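In: Experimental structure and sequence below.
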Number of protein chains: 2
Amino acid sequence: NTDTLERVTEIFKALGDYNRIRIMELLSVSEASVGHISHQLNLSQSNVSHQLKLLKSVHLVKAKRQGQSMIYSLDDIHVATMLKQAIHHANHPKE
Amino acid sequence: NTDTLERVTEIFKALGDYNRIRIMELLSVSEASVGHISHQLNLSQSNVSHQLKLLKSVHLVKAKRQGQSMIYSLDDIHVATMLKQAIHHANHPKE
């Protein structure tokens, strides 16, 4: 079980850099293509591709084939909530 | 805006070290006192009372008064779920 406890730690860390945190918020509202994301932070597609490849190793993201363009998107409905519940506790301004 | 974004980041990193991740799992199952925890990692109470103070700065934990013993417990029903869902995605027993 020690292996799991170690992984449960790599998960969060994989969220460190905030720059990625924003990208996650975008996909949350609605999937997006590689070049499409360029807008958000824009720059070089090669930069985004490299990253998306890292998150793919953690099993947090999933890519699919559709014609001649690779579309991305969340894995399930667990990530969505997580993100939310996050801002919840943070913003406990109740009423 | 940017203010919150910066925070949401302080939350995670606030879980770094796994040593703490364990202490939380213990509270989730059932509250515990300062000395009681000693059984968990066992050591110097001053050590726990010190850390338990850091987690109090984030608001993740809360303390209460009951006679002459300071009892600790979760903040609400948001942390409990979070911890769960986490181990839920990490361990995806397909089939």
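Out: Looks like it arrived, so ask away. Numbers count the residues shown, from 1 in each chain, chains lettered A, B, ... in the order given.
In: which residue packs closest to the residue nearest in space to the middle of chain A, ignoring adjacent ones?
Out: Against the mean C-alpha coordinate of chain A, by Cα atoms, centre = their mean, the closest residue is residue A:24 at 4.0 Å. Once flanking residues are discounted, residue A:24 sits nearest to residue A:83: 6.6 Å by Cβ to Cβ, 6 or more residues apart in numbering or on different chains. For the C-beta atoms, the positions are set from N, CA and C on the backbone; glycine is no exception.
In: Please work out which residues outside the strand or helix carrying the one you found touch it.
Out: In the assignment (DSSP states H and E), residue A:83 maps to helix A:78-90. Residues from elsewhere that reach helix A:78-90 (Cβ atoms under 8 Å, 6 or more residues apart in numbering or on different chains): A:24-25, A:28, A:60, A:74, B:4, B:7-8, B:11, B:59-60, B:75-76, B:78-79, B:81-82, B:85-86, B:88-89.
In: got the residues of chain A near chain B?
Out: Proximity of chain A to chain B, by Cβ under 8 Å from any Cβ of the partner chain, involves residues A:4-9, A:11-13, A:15-16, A:18, A:21-22, A:59-60, A:75-76, A:78-79, A:81-82, A:85-92.
In: Just the helices from chain A, written as ranges.
Out: A:2-13, A:18-29, A:34-37, A:45-58, A:78-90 (DSSP state H).
In: count of neighbours near the residue nearest to residue A:37 when sequence neighbours are not counted?
Out: Nearest residue to residue A:37, sequence neighbours excluded (Cβ to Cβ, 6+ apart): residue A:48, at 5.6 Å. Other residues lying near residue A:48 total 21 when counted by other Cβ atoms under 10 Å in any protein chain shown.
In: and what of residue A:89?
Out: If we define neighbours as other Cβ under 10 Å, then residue A:89 has 16 of them.
In: And for residue A:65?
Out: Using other Cβ under 10 Å, the number of residues around residue A:65 comes to 8.
In: on that earlier part again, list buried residues within the residues of chain A next to chain B.
Out: Buried members of the residues of chain A next to chain B, scored by 16 or more other Cβ atoms under 10 Å in any protein chain shown, are A:8, A:11-12, A:15, A:21, A:60, A:79, A:82, A:85-86, A:89-90.
In: Tell me the one of those residues nearest residue B:55?
Out: residue A:89 (12.8 Å; Cβ to Cβ).
In: wait, residue A:52 sits on residue A:62?
Out: No: here residue A:52 does not reach residue A:62: they are 10.4 Å apart, not a contact under Cβ atoms under 8 Å.
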